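The chain below stands alone and is given in structure tokens; this is the form deposited in one PDB entry.
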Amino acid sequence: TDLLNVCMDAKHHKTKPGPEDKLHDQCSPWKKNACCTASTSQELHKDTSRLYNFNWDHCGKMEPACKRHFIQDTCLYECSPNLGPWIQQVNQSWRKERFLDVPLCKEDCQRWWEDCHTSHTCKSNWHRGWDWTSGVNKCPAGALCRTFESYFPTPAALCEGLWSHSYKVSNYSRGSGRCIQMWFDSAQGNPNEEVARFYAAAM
């Protein structure tokens, strides 16, 4: 149970999960229990936020249908109090902990990949390798802009590879209670609580 209802020790996270009534737009489904502040939830909706100075439009403008998924992902990363069982210590300059091999529901990965098909990028790992010397990430030497499909030939390649394995792709369905959903209605409770509960008891 020590892995339940926690916030990892990372760059913006709160020390502990709490109610956040004013979570902005896409993060609001987390408003009953979040690891992010309202300010953070607000900032992550912005192009090239002050959170990480990360530019989504690094190979031209990213399609809205695609960008929403990255915003959604950032909501989960910053707000989720239910990733306890996958938290690992990594000792990095901008975070002492992170999560790895979170069982992301296949349909979520599939939808993300499909909606991002018509967008563009220059790298398959977005955590390491950028040219930051202007202050925001720019394609490094040798990295050409291409379609998403080029750098991520399958859904799993994007979902698992883009954020250096924060996720593994689960063969479980949305609503199985056996995989983490990036996209959920939380009117009747956050569905990923049950997921974290289940995998914490697996030991």
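Counting begins at 1, following the sequence as shown. For clarity, a rigid core is taken as the largest C-alpha set superposing within 1.5 Å between two forms.
Peer 1: Please rank the C-alpha B-factors of the chain's modelled residues and tell me whether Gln110 sits in the lowest, middle or highest third.
Peer 2: Middle third of the chain for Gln110's C-alpha B-factor.
Peer 1: Lowest, middle or highest third: where is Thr74 by Cα B-factor in its chain?
Peer 2: According to the entry, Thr74 has a C-alpha B-factor in the chain's middle third.
Peer 1: Please rank the C-alpha B-factors of the chain's modelled residues and tell me whether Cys66 sits in the lowest, middle or highest third.
Peer 2: According to the entry, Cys66 has a C-alpha B-factor in the chain's middle third.
Peer 1: Would you mind ranking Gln88 by its C-alpha B-factor against the rest of the chain and naming the third, lowest, middle or highest?
Peer 2: Top third by C-alpha B-factor.
Peer 1: Which third, lowest, middle or highest, does the C-alpha temperature factor of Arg128 belong to within its own chain?
Peer 2: Within its chain, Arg128 is a highest-third residue by C-alpha B-factor, going by the deposited values.
Only in words, not in the display: the form deposited in another entry, which the text now covers.
Peer 1: Kindly specify the one residue in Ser164, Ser28, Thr154, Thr48 whose Cα moves by 2 Å or more between this form and the one not shown, with superposition done on the rigid core.
Peer 2: Between the two forms, the residue that moves is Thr48.
Peer 1: Since the Cα separation of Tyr52 and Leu44 moves by 3 Å or more in the other entry, tell me which way: closer or farther than here.
Peer 2: Distance between the C-alphas of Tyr52 and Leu44: shorter in the other entry, by 3 Å or more.
Peer 1: What direction does the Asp21-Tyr52 Cα distance move in the other entry compared with the shown chain, closer or farther, given a change of 3 Å or more?
Peer 2: Their C-alpha distance shrinks by at least 3 Å in the other entry.
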